[PDB]
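K.L.:
I am sharing model.txt, which consists of compact mmCIF, C-alpha atoms and all ligand atoms:
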# COMPACT_ATOMS: atom_id res chain seq x y z
CA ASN P 1 -58.19 -16.62 8.15
CA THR P 2 -54.62 -16.26 9.51
CA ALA P 3 -55.17 -13.16 11.67
CA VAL P 4 -54.03 -14.67 14.99
CA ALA P 5 -50.87 -16.25 13.60
CA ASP P 6 -49.96 -13.11 11.65
CA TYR P 7 -50.61 -10.79 14.62
CA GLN P 8 -48.59 -12.99 16.99
CA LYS P 9 -45.67 -13.26 14.54
CA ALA P 10 -45.54 -9.52 13.93
CA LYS P 11 -45.65 -8.84 17.67
CA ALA P 12 -43.00 -11.43 18.53
CA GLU P 13 -40.59 -10.20 15.84
CA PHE P 14 -40.96 -6.48 16.49
CA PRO P 15 -38.16 -6.11 19.08
CA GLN P 16 -35.68 -7.77 16.72
CA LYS P 17 -36.89 -5.63 13.79
CA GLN P 18 -36.33 -2.50 15.88
CA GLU P 19 -32.86 -3.64 16.90
CA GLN P 20 -31.97 -4.33 13.28
CA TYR P 21 -33.35 -0.90 12.33
CA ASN P 22 -31.13 0.80 14.90
CA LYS P 23 -28.08 -0.98 13.48
CA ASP P 24 -29.11 -0.18 9.90
CA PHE P 25 -29.74 3.46 10.78
CA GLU P 26 -26.35 3.86 12.46
CA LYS P 27 -24.79 2.26 9.37
CA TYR P 28 -26.70 4.69 7.16
CA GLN P 29 -25.39 7.69 9.14
CA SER P 30 -21.84 6.35 8.79
CA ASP P 31 -22.34 5.60 5.09
CA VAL P 32 -23.65 9.12 4.39
CA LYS P 33 -20.49 10.63 5.82
CA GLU P 34 -18.30 8.33 3.77
CA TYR P 35 -20.35 9.03 0.64
CA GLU P 36 -20.10 12.78 1.09
CA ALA P 37 -16.31 12.56 1.45
CA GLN P 38 -15.94 10.30 -1.59
CA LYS P 39 -18.29 12.42 -3.66
CA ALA P 40 -16.42 15.64 -2.82
CA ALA P 41 -13.07 14.09 -3.69
CA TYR P 42 -14.46 12.63 -6.97
CA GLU P 43 -15.99 15.92 -8.02
CA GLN P 44 -12.74 17.73 -7.26
CA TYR P 45 -10.74 15.21 -9.26
CA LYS P 46 -13.10 15.54 -12.23
CA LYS P 47 -12.69 19.33 -12.10
CA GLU P 48 -8.86 19.05 -11.91
CA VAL P 49 -8.86 16.79 -14.99
CA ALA P 50 -11.28 18.99 -16.94
CA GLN P 51 -9.63 22.31 -16.10
CA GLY P 52 -6.06 21.20 -16.37
CA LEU P 53 -5.10 21.67 -12.73
CA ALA P 54 -1.91 20.04 -11.42
CA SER P 55 -3.59 16.86 -10.08
CA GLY P 56 -5.27 16.37 -13.46
CA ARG P 57 -1.85 15.22 -14.66
CA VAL P 58 -2.65 11.73 -13.34
CA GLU P 59 -4.99 11.36 -16.32
CA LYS P 60 -3.65 13.97 -18.73
CA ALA P 61 0.09 13.41 -18.51
CA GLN P 62 0.35 9.65 -17.97
CA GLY P 63 2.53 7.93 -20.55
CA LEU P 64 3.73 5.07 -18.33
CA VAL P 65 1.97 1.70 -18.33
CA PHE P 66 3.68 -0.36 -15.63
CA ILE P 67 1.10 -2.24 -13.64
CA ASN P 68 1.22 -5.98 -14.09
CA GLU P 69 4.33 -8.07 -14.91
CA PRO P 70 3.52 -11.58 -13.70
CA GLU P 71 6.12 -13.26 -15.96
CA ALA P 72 9.09 -11.17 -14.88
CA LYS P 73 12.28 -12.80 -13.62
CA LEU P 74 15.06 -11.45 -11.42
CA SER P 75 18.84 -11.06 -11.42
CA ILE P 76 20.20 -9.74 -8.14
CA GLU P 77 23.55 -8.16 -7.34
CA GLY P 78 24.86 -7.12 -3.94
CA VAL P 79 22.86 -9.43 -1.62
CA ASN P 80 25.01 -11.54 0.68
CA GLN P 81 22.41 -13.12 3.04
CA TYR P 82 19.57 -14.96 1.32
CA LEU P 83 16.96 -16.64 3.52
CA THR P 84 17.24 -20.40 3.18
CA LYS P 85 14.17 -22.14 1.83
CA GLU P 86 14.01 -24.21 5.02
CA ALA P 87 13.82 -21.03 7.09
CA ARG P 88 11.24 -19.51 4.73
CA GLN P 89 9.13 -22.67 5.15
CA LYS P 90 9.50 -22.63 8.93
CA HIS P 91 8.21 -19.06 9.19
CA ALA P 92 5.46 -19.33 6.56
CA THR P 93 2.58 -20.09 8.93
CA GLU P 94 3.38 -17.30 11.41
CA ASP P 95 1.63 -13.97 11.76
CA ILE P 96 3.06 -11.37 9.36
CA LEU P 97 4.56 -9.42 12.25
CA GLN P 98 6.27 -12.53 13.57
CA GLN P 99 7.47 -13.44 10.08
CA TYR P 100 9.31 -10.11 10.07
CA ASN P 101 10.50 -10.38 13.67
CA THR P 102 14.26 -10.47 13.00
CA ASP P 103 14.82 -11.68 16.58
CA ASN P 104 13.34 -15.03 15.44
CA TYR P 105 16.01 -15.71 12.80
CA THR P 106 19.64 -16.69 13.35
CA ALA P 107 22.72 -16.90 11.14
CA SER P 108 21.95 -20.52 10.18
CA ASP P 109 18.75 -19.27 8.49
CA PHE P 110 20.77 -17.42 5.82
CA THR P 111 23.17 -18.33 3.03
CA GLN P 112 25.44 -16.40 0.68
CA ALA P 113 24.38 -18.53 -2.30
CA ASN P 114 20.96 -17.63 -3.68
CA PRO P 115 18.65 -20.68 -3.45
CA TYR P 116 15.73 -18.98 -5.29
CA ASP P 117 15.06 -19.45 -8.98
CA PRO P 118 15.08 -16.22 -11.03
CA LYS P 119 11.38 -16.71 -11.71
CA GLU P 120 10.20 -16.67 -8.07
CA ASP P 121 9.84 -14.23 -5.21
CA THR P 122 13.13 -14.09 -3.30
CA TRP P 123 13.87 -13.55 0.42
CA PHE P 124 16.99 -11.99 1.88
CA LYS P 125 18.31 -9.77 4.64
CA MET P 126 19.47 -6.32 3.64
CA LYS P 127 22.37 -4.65 5.45
CA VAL P 128 22.44 -0.92 6.18
CA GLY P 129 24.52 1.00 3.64
CA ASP P 130 24.94 -1.81 1.07
CA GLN P 131 23.26 -0.98 -2.22
CA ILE P 132 21.72 -3.85 -4.13
CA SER P 133 20.74 -3.89 -7.79
CA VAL P 134 17.86 -5.93 -9.13
CA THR P 135 17.33 -6.43 -12.87
CA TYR P 136 13.91 -7.61 -13.97
CA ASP P 137 13.28 -8.97 -17.43
CA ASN P 138 10.59 -10.84 -19.35
CA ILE P 139 8.54 -7.60 -19.34
CA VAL P 140 5.46 -8.17 -21.46
CA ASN P 141 2.77 -5.54 -20.66
CA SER P 142 4.62 -2.29 -20.05
CA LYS P 143 5.57 0.81 -22.05
CA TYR P 144 6.53 4.45 -21.63
CA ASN P 145 5.39 7.00 -24.24
CA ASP P 146 4.87 4.17 -26.73
CA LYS P 147 8.34 2.68 -26.09
CA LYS P 148 7.81 -0.92 -25.05
CA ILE P 149 9.81 -1.69 -21.91
CA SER P 150 12.17 -4.68 -22.13
CA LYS P 151 13.78 -4.61 -18.70
CA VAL P 152 13.66 -2.72 -15.42
CA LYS P 153 16.52 -2.08 -13.00
CA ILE P 154 15.76 -1.14 -9.41
CA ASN P 155 18.47 -0.27 -6.93
CA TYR P 156 17.64 -0.48 -3.22
CA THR P 157 19.68 0.70 -0.22
CA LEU P 158 18.67 0.20 3.41
CA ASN P 159 19.65 3.42 5.23
CA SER P 160 18.46 2.45 8.74
CA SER P 161 16.48 -0.22 10.58
CA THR P 162 14.24 -0.48 13.64
CA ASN P 163 16.38 -3.36 14.95
CA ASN P 164 19.83 -3.17 16.56
CA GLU P 165 21.56 -5.25 13.87
CA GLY P 166 21.55 -2.83 10.90
CA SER P 167 19.38 -5.27 8.96
CA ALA P 168 15.90 -5.91 7.68
CA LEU P 169 14.19 -8.93 6.17
CA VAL P 170 12.93 -8.53 2.58
CA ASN P 171 10.50 -10.43 0.39
CA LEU P 172 11.43 -9.19 -3.08
CA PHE P 173 8.68 -9.92 -5.61
CA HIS P 174 9.67 -11.21 -9.02
CA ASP P 175 7.04 -8.82 -10.46
CA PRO P 176 8.69 -5.36 -10.08
CA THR P 177 5.29 -3.63 -9.94
CA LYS P 178 4.86 -5.25 -6.50
CA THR P 179 8.31 -3.95 -5.39
CA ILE P 180 9.26 -5.03 -1.84
CA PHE P 181 7.85 -6.15 1.50
CA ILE P 182 10.36 -5.24 4.24
CA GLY P 183 10.36 -5.47 8.01
CA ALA P 184 12.36 -5.91 11.20
CA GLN P 185 11.93 -6.14 14.94
CA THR P 186 11.41 -2.80 16.71
CA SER P 187 14.21 -3.30 19.18
CA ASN P 188 14.06 0.00 21.10
CA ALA P 189 11.46 2.04 22.95
CA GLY P 190 10.80 5.67 22.06
CA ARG P 191 9.16 5.46 18.61
CA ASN P 192 12.13 7.12 16.89
CA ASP P 193 13.87 4.47 14.78
CA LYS P 194 12.74 3.70 11.25
CA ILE P 195 13.26 1.40 8.32
CA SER P 196 14.45 3.68 5.49
CA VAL P 197 15.06 2.48 1.90
CA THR P 198 16.35 4.58 -0.98
CA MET P 199 15.35 3.31 -4.41
CA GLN P 200 15.93 4.21 -8.02
CA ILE P 201 14.07 2.72 -11.01
CA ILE P 202 15.41 2.65 -14.56
CA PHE P 203 13.28 1.49 -17.51
CA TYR P 204 14.89 0.15 -20.70
CA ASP P 205 13.62 0.21 -24.28
CA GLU P 206 13.64 -2.72 -26.71
CA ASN P 207 17.14 -1.85 -27.87
CA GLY P 208 18.41 -2.03 -24.29
CA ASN P 209 18.90 1.68 -23.71
CA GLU P 210 17.74 3.53 -20.65
CA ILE P 211 14.54 5.51 -21.26
CA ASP P 212 14.69 9.28 -20.71
CA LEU P 213 11.82 10.33 -18.41
CA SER P 214 12.26 14.07 -18.81
CA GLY P 215 9.04 14.46 -20.78
CA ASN P 216 7.48 14.16 -17.31
CA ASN P 217 5.00 11.48 -18.38
CA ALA P 218 5.88 8.81 -15.79
CA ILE P 219 3.17 9.20 -13.16
CA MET P 220 3.76 6.68 -10.39
CA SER P 221 1.74 5.65 -7.37
CA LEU P 222 2.71 6.20 -3.74
CA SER P 223 -0.30 4.44 -2.27
CA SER P 224 -0.95 2.94 1.14
CA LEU P 225 0.90 5.52 3.28
CA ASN P 226 -0.62 4.43 6.56
CA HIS P 227 -0.51 6.48 9.73
CA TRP P 228 -2.02 4.72 12.74
CA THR P 229 -1.84 5.83 16.37
CA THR P 230 -2.62 3.32 19.09
CA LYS P 231 -1.28 2.13 22.42
CA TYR P 232 1.24 0.13 20.40
CA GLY P 233 2.73 2.94 18.30
CA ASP P 234 2.53 6.13 16.29
CA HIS P 235 3.28 4.31 13.03
CA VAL P 236 3.82 6.57 10.01
CA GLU P 237 4.80 5.68 6.43
CA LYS P 238 6.54 8.45 4.48
CA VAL P 239 8.21 9.12 1.15
CA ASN P 240 10.97 11.65 0.46
CA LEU P 241 10.57 12.27 -3.26
CA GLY P 242 13.99 13.80 -3.81
CA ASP P 243 14.09 15.51 -7.19
CA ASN P 244 10.82 13.84 -8.26
CA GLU P 245 7.61 15.88 -8.09
CA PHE P 246 4.66 15.32 -5.75
CA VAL P 247 1.20 14.95 -7.29
CA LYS P 248 -1.46 15.59 -4.63
CA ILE P 249 -4.49 13.26 -4.76
CA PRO P 250 -7.76 15.17 -4.08
CA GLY P 251 -9.36 14.17 -0.79
CA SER P 252 -6.33 12.19 0.33
CA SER P 253 -4.95 12.25 3.88
CA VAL P 254 -1.46 12.41 2.31
CA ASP P 255 0.20 15.77 1.71
CA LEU P 256 3.59 17.42 1.48
CA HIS P 257 5.37 18.23 4.75
CA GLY P 258 8.67 19.88 4.01
CA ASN P 259 10.74 17.20 2.43
CA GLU P 260 8.37 14.24 2.72
CA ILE P 261 4.83 13.13 1.87
CA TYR P 262 2.70 11.36 4.46
CA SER P 263 -0.55 11.63 6.38
CA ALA P 264 0.04 14.12 9.20
CA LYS P 265 -2.80 12.62 11.27
CA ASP P 266 -4.09 9.08 11.79
CA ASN P 267 -5.72 7.85 8.58
CA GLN P 268 -6.38 4.29 9.78
CA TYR P 269 -9.24 4.45 12.34
CA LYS P 270 -12.41 6.50 12.31
CA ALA P 271 -12.14 6.32 16.12
CA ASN P 272 -8.97 8.41 15.77
CA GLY P 273 -10.51 10.90 13.33
CA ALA P 274 -9.90 9.16 10.00
CA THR P 275 -12.58 9.50 7.34
CA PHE P 276 -12.47 5.81 6.44
CA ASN P 277 -11.26 2.75 8.33
CA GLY P 278 -8.19 1.20 6.78
CA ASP P 279 -8.48 -2.31 8.25
CA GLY P 280 -10.48 -5.30 7.12
CA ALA P 281 -11.93 -6.53 3.86
CA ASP P 282 -13.92 -3.28 3.50
CA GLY P 283 -11.17 -0.93 4.58
CA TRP P 284 -9.51 1.61 2.33
CA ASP P 285 -6.17 -0.27 2.51
CA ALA P 286 -7.46 -3.71 1.60
CA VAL P 287 -5.31 -5.40 -1.02
CA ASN P 288 -5.26 -8.62 -2.98
CA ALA P 289 -2.23 -10.92 -3.13
CA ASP P 290 -1.37 -9.25 -6.45
CA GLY P 291 -1.05 -5.93 -4.58
CA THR P 292 -4.06 -4.52 -6.41
CA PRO P 293 -6.23 -2.34 -4.15
CA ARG P 294 -9.58 -3.85 -3.34
CA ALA P 295 -11.16 -0.53 -2.24
CA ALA P 296 -12.57 2.41 -4.21
CA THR P 297 -11.42 4.50 -1.21
CA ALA P 298 -7.71 3.58 -1.67
CA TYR P 299 -7.10 7.21 -2.76
CA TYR P 300 -7.59 8.28 0.83
CA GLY P 301 -4.21 6.88 1.85
CA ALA P 302 -2.36 7.70 -1.36
CA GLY P 303 0.01 10.13 -2.99
CA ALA P 304 1.64 10.06 -6.41
CA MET P 305 4.68 11.46 -8.17
CA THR P 306 5.95 12.58 -11.52
CA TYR P 307 8.90 10.23 -11.50
CA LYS P 308 11.88 11.84 -13.22
CA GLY P 309 14.33 8.97 -12.88
CA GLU P 310 16.03 10.12 -9.70
CA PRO P 311 16.28 8.34 -6.31
CA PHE P 312 13.57 8.54 -3.69
CA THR P 313 13.32 7.15 -0.16
CA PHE P 314 10.49 5.52 1.76
CA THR P 315 10.43 5.20 5.52
CA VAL P 316 8.33 3.53 8.18
CA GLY P 317 8.67 3.96 11.93
CA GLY P 318 6.93 4.81 15.18
CA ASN P 319 5.98 1.37 16.51
CA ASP P 320 6.53 0.61 20.16
CA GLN P 321 9.31 -1.71 21.23
CA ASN P 322 8.65 -5.39 20.45
CA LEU P 323 6.04 -4.76 17.73
CA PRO P 324 7.89 -5.50 14.47
CA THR P 325 7.86 -2.72 11.87
CA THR P 326 6.72 -3.69 8.35
CA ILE P 327 5.74 -2.06 5.08
CA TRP P 328 4.72 -3.40 1.69
CA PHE P 329 6.01 -0.56 -0.46
CA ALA P 330 5.00 -0.74 -4.09
CA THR P 331 5.19 1.83 -6.83
CA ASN P 332 3.78 1.40 -10.32
CA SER P 333 1.56 3.31 -12.76
CA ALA P 334 -1.70 2.46 -10.97
CA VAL P 335 -2.31 5.72 -9.17
CA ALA P 336 -5.16 5.59 -6.63
CA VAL P 337 -7.63 8.40 -7.43
CA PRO P 338 -11.17 9.09 -6.18
CA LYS P 339 -13.85 7.15 -8.04
CA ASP P 340 -17.57 7.52 -8.54
CA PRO P 341 -19.36 6.58 -5.27
CA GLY P 342 -22.66 6.04 -7.07
CA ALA P 343 -25.97 7.08 -5.52
CA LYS P 344 -26.27 8.61 -2.08
CA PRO P 345 -27.22 6.10 0.63
CA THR P 346 -30.90 6.01 1.54
CA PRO P 347 -32.15 5.60 5.12
CA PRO P 348 -33.71 2.29 6.16
CA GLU P 349 -37.47 2.06 6.37
CA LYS P 350 -38.60 2.15 9.98
CA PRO P 351 -40.39 -1.08 11.02
CA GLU P 352 -43.96 -0.50 12.09
CA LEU P 353 -46.88 -2.52 13.40
CA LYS P 354 -49.43 -0.07 11.98
CA CA P 401 1.07 0.70 3.67
Would you mind giving the structure from this file in structure tokens?
P.N.:
Amino acid sequence: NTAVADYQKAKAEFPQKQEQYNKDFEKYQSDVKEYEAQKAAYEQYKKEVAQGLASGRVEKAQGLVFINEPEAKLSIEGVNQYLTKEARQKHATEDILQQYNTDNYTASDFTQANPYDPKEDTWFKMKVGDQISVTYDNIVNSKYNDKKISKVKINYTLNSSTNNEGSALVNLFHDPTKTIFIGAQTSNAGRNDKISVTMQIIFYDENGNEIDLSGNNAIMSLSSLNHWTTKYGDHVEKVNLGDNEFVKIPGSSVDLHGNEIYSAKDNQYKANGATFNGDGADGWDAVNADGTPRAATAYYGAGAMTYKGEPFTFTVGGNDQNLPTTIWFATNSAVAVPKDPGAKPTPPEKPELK
């Protein structure tokens, strides 16, 4: 006989069980909406692949494997201001936005002689209008149309900055599939300056010749094109593809607008109308240190291109004054597409005393 104890426990716990139910039910309603969006995008993508629609080229046309090059080493031409290792150390514990606050660095933090080994990530300031050329070798995992890739060259040119010094701070990864993390102070009010970088990638075969991409099999990612709108900015990340060709990702917030691809509306906060939240461990934009997306919903912030070997330009701007502008821009063969969301969420069981 435990009737009294059991009755009193069930009665005492009921308010908490009801509060947990309300939270679980709200979460279920939110999850159903996310599931329906993911399912629609996945079904559309499957149809595009099966029927041979344009976006099916992500699967059907891909001949480029260029996703992971953790052994690559760098040779850099055209950089005149490398960040000293002492200055890198001094800024390493700061918030990311402060690490890229160019107001917090002075001339004594930079040197003309590169202190970084070829095998490690390298830091430097870029100067508007000065093209740099980065050659990456020790390429072990990559190929294009069954031509193993021996080397990659990427040229980068800073066209504009958000600061008033014509400069931006860069962390250049030794693995070229991680590309570049760039930022600067946002020195002016008015949301109208931007960091703009033109890039061009050349792949080389085992005999050292440049690889012709005109079979149109190099499908490259343009993921993580955030657009957030808050009291602190109308921050938009964009790509001008130049002579390369846009590949629309089904269900993505990113589309073609004249000359550029980006998300026309906020894609970062459900509170601002986005379908998925971008922030946090569970957000669509979550990434590992390797740059790999953590989220099956990464497609929501992504575009892609058929890369034809010609220059393209990424931009980021719209922050308010004094909030440093940053972007981790990567491009590689790992296009973010909708994935199978699994089974539809089921509602929580309502707690009862009966
Ligand atoms: Ca981004």
K.L.:
Write out as an NGL selection string each polymer residue (protein, DNA or RNA) that has an atom no more than 6 Å from ligand CA 401 (chain P), with only C-alpha atoms and all ligand atoms counted.
P.N.:
:P and (224-226 or 327-328)
K.L.:
Rounded to one decimal place, report the atom CA of residue P:285-atom CA of residue P:234 distance in Å.
P.N.:
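Going from atom CA of residue P:285 over to atom CA of residue P:234, I get 17.5 Å.
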K.L.:
Excluding stretch 84-86 of chain P and residues on its chain fewer than 5 positions from it, collect all residues at most 7 Å away from it, counting only C-alpha atoms, and give them as a VMD selection string.
P.N.:
chain P and resid 109 to 111 115
K.L.:
List as a PyMOL selection string the protein and nucleic acid residues near residue P:324, meaning an atom at most 8 Å away when all atoms listed in the file are counted, but skip any in the same chain fewer than 5 places from it.
P.N.:
chain P and resi 97-98+100-101+183-186+319
K.L.:
To one decimal place in Å, what is the distance between atom CA of residue P:129 and atom CA of residue P:212?
P.N.:
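Atom CA of residue P:212 lies at a distance of 27.5 Å from atom CA of residue P:129.
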K.L.:
Measure the distance from atom CA of residue P:69 to atom CA of residue P:200 in Å and round it to one decimal.
P.N.:
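Separation of atom CA of residue P:69 and atom CA of residue P:200: 18.2 Å.
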K.L.:
Would you write out, as JSON lines, a table of all residues in stretch 27-87 of chain P that have an atom no more than 10 Å from an atom of stretch 147-162 of chain P, listing for each the closest atom pair and the distance in Å to one decimal, considering all atoms listed in the file and ordering rows by chain and rising residue number?
P.N.:
{"residue": "P:63", "atom": "CA", "partner": "P:147", "partner_atom": "CA", "distance": 9.6}
{"residue": "P:64", "atom": "CA", "partner": "P:147", "partner_atom": "CA", "distance": 9.3}
{"residue": "P:65", "atom": "CA", "partner": "P:149", "partner_atom": "CA", "distance": 9.3}
{"residue": "P:66", "atom": "CA", "partner": "P:149", "partner_atom": "CA", "distance": 8.9}
{"residue": "P:72", "atom": "CA", "partner": "P:151", "partner_atom": "CA", "distance": 8.9}
{"residue": "P:73", "atom": "CA", "partner": "P:151", "partner_atom": "CA", "distance": 9.8}
{"residue": "P:74", "atom": "CA", "partner": "P:153", "partner_atom": "CA", "distance": 9.6}
{"residue": "P:75", "atom": "CA", "partner": "P:153", "partner_atom": "CA", "distance": 9.4}
{"residue": "P:76", "atom": "CA", "partner": "P:155", "partner_atom": "CA", "distance": 9.7}
{"residue": "P:77", "atom": "CA", "partner": "P:155", "partner_atom": "CA", "distance": 9.4}
{"residue": "P:78", "atom": "CA", "partner": "P:155", "partner_atom": "CA", "distance": 9.8}
K.L.:
Counting only C-alpha atoms, which of P:272, P:326, P:216, P:80 gets nearest to residue P:144?
P.N.:
P:216
K.L.:
Please complete stretch 140-154 of chain P so it has N, CA, C and O atoms, and hand it over as a CSV table (one decimal), in the coordinates of the input.
P.N.:
chain,number,residue,atom,x,y,z
P,140,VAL,N,6.4,-7.8,-20.4
P,140,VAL,CA,5.5,-8.2,-21.5
P,140,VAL,C,4.3,-7.2,-21.7
P,140,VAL,O,3.8,-7.2,-22.8
P,141,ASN,N,4.0,-6.4,-20.6
P,141,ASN,CA,2.8,-5.5,-20.7
P,141,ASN,C,3.1,-4.1,-20.6
P,141,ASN,O,2.1,-3.3,-20.4
P,142,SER,N,4.3,-3.6,-20.5
P,142,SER,CA,4.6,-2.3,-20.0
P,142,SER,C,5.2,-1.4,-21.2
P,142,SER,O,5.9,-1.9,-22.0
P,143,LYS,N,5.0,-0.1,-21.1
P,143,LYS,CA,5.6,0.8,-22.0
P,143,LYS,C,5.7,2.2,-21.4
P,143,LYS,O,5.0,2.5,-20.4
P,144,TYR,N,6.5,3.0,-22.0
P,144,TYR,CA,6.5,4.4,-21.6
P,144,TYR,C,6.5,5.3,-22.9
P,144,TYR,O,7.4,5.1,-23.7
P,145,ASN,N,5.5,6.2,-23.0
P,145,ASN,CA,5.4,7.0,-24.2
P,145,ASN,C,5.6,6.2,-25.5
P,145,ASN,O,6.3,6.5,-26.4
P,146,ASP,N,4.9,5.0,-25.6
P,146,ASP,CA,4.9,4.2,-26.7
P,146,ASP,C,6.2,3.5,-27.0
P,146,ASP,O,6.3,2.8,-28.0
P,147,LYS,N,7.1,3.5,-26.0
P,147,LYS,CA,8.3,2.7,-26.1
P,147,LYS,C,8.0,1.5,-25.2
P,147,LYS,O,7.9,1.6,-24.0
P,148,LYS,N,8.0,0.3,-25.9
P,148,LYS,CA,7.8,-0.9,-25.0
P,148,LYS,C,9.0,-1.1,-24.1
P,148,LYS,O,10.2,-0.9,-24.6
P,149,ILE,N,8.8,-1.5,-22.9
P,149,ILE,CA,9.8,-1.7,-21.9
P,149,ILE,C,10.3,-3.1,-21.9
P,149,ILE,O,9.4,-4.1,-21.8
P,150,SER,N,11.6,-3.3,-22.0
P,150,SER,CA,12.2,-4.7,-22.1
P,150,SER,C,12.7,-5.2,-20.8
P,150,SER,O,13.0,-6.4,-20.7
P,151,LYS,N,13.0,-4.3,-19.9
P,151,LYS,CA,13.8,-4.6,-18.7
P,151,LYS,C,13.6,-3.5,-17.7
P,151,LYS,O,13.4,-2.3,-18.2
P,152,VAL,N,13.7,-3.7,-16.5
P,152,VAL,CA,13.7,-2.7,-15.4
P,152,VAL,C,14.8,-3.0,-14.5
P,152,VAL,O,15.1,-4.1,-14.1
P,153,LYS,N,15.5,-1.9,-14.1
P,153,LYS,CA,16.5,-2.1,-13.0
P,153,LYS,C,16.1,-1.3,-11.8
P,153,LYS,O,15.7,-0.1,-12.0
P,154,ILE,N,16.1,-1.9,-10.6
P,154,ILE,CA,15.8,-1.1,-9.4
P,154,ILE,C,16.9,-1.3,-8.5
P,154,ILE,O,17.2,-2.5,-8.1
